[PDB]
Structures are given as structure tokens and as C-alpha cells.
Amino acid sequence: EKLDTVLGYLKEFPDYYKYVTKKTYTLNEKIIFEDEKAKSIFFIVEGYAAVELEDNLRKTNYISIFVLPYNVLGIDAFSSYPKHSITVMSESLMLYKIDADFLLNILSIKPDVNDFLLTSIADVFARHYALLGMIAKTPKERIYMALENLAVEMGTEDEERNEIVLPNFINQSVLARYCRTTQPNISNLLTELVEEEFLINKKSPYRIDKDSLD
């Protein structure tokens, strides 16, 4: 609703097509930021990706965090520091590439006043903090926290059945990568979670007992 108003705001300005560009991707494609001189901000309007911890010792990398619809991307490119890569997890994903100077100019002007950008950032921060809570935890503790973080991020409520359901692309292998553990271990932990009535079934898409969750 809110990025829609923003996109609509963007189109009012004569330099819109010059500064705002769309890109669509499919499963397993990598999203890559061109290190042009004039840099841009990226908004995901639909679909999901994963940011991976690059470790060439590992065949499949862990996933550090997911990228959700309405996230801002490429802020990292402004950082004074200098590896992670970004893979599309859903069947498709669409984003907008917006020239950053442009966007940085129309903040003051537009009475959805930058709140939109600050709020988007604020939410990524909050998700970063939630993840930091995983430090020093056992794999079992991590899987609860993961499935909760995802239910908050990306889950869709049944309620009639008193369940929060996760997207299809969150399977055993992906869950393991996000929990930074192995698949055989995730499998065993998923059994425990069903015994403890956290999870309705061991099988994806994961259905999480609404009760058990906040």
C-alpha cells in the first residue's frame, strides 16, 4: 500500500523513467549491484531472495538473511567498508532500481516524508537484531528462533485452523541453511518440534501452531 503511494509519487516527476527502472528475476538467479558511479537503491515489490554467507569450503552456503517484499537493497554499497551474494528463492521476483541522488532529492518534497525510507531501514535493523539473538545458541534453540522469525516475516495465518504457514520455498534444505546446521540434524529437530506441538507437521510448507507462538 505504502510503496505503491511512493511509486505513484515517483511518476509525477518528469525525470521518472530516467531514474527508475524495473528488473524481474527467476528462481536461483543472482541479484548483482553494478558498481556504477551514480549508485541506486533497490525496492523489492514481489518475491523473496536469500543473502548467502560466502564460504568456498562449503558446497551450499548458509543463508544470513532473507530479502522480503518492500525491503530496500543496496544500502551496503554506500558503506565506507568493502562477502555475501543474493539468490532468488521464489519462482519470480520483481524490483525497482532507483537512482539514489533522485530518491535522495524527493524525500523532503514528498509528504510520505522519508518516513517510508527510515521505516524500511528500521525494519531491516529490527530483523538483524533478532538474528543476532542466535549467537551462542544450540541448533535446537536456533530452529525455534528461525521458525519464529520467518513466521513473523513471511508467514501467512490460517486462524480457522490456528496455524501460521510458511512459504513453499522454505524446505528442509533451506531451513538448515538459515539455521546454519546440517540437513540430517534439521530433520531430527523437526521431529522434536512436532512432538512438542510447535510444528503441526514435519513436512513443508511448515505450519506453526499459532498458540505456541507469541
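Start at 1 and count along the sequence shown; that's the residue number.
Task: Chain break class at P82/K83 - deposited residues not modelled - done: Per the deposited record, the segment joining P82 and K83 lacks coordinates for 1 to 3 residues.
Open item on the list: Going by the mean C-alpha B-factor recorded in the entry, which is higher: 28-36 or 177-185?
Closed with: Per the PDB record, 28-36.
Task: Stretch exceeding the other in mean C-alpha B-factor - 54-62, 41-49 - done: The stretch with the larger average C-alpha B-factor is 54-62.
- [ ] Report the option among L68, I164, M145, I170 whose CA atom has the maximum B-factor in the deposited record.
- [x] Comparing C-alpha B-factors across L68, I164, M145, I170, the maximum falls on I164.
Task: For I106, the third of its chain into which the C-alpha B factor falls - done: It belongs to the highest third of the chain when residues are ordered by C-alpha B-factor.
- [ ] Could you say whether, by C-alpha temperature factor, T87 belongs to the lowest, middle or highest third of its chain?
- [x] Its C-alpha B-factor, which the entry lists for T87, ranks in the middle third among residues of this chain.
TODO: Sort the modelled residues of this chain by their C-alpha B factor and say whether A122 lands in the lowest, middle or highest third.
DONE: Within its chain, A122 is a lowest-third residue by C-alpha B-factor, going by the deposited values.
Open item on the list: Where does the C-alpha B-factor of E192 rank in its chain, lowest, middle or highest third?
Closed with: According to the entry, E192 has a C-alpha B-factor in the chain's lowest third.
TODO: Select lowest, middle or highest to describe the third in which the CA B-factor of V113 falls within its chain in this entry.
DONE: CA B-factor rank for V113: highest third.
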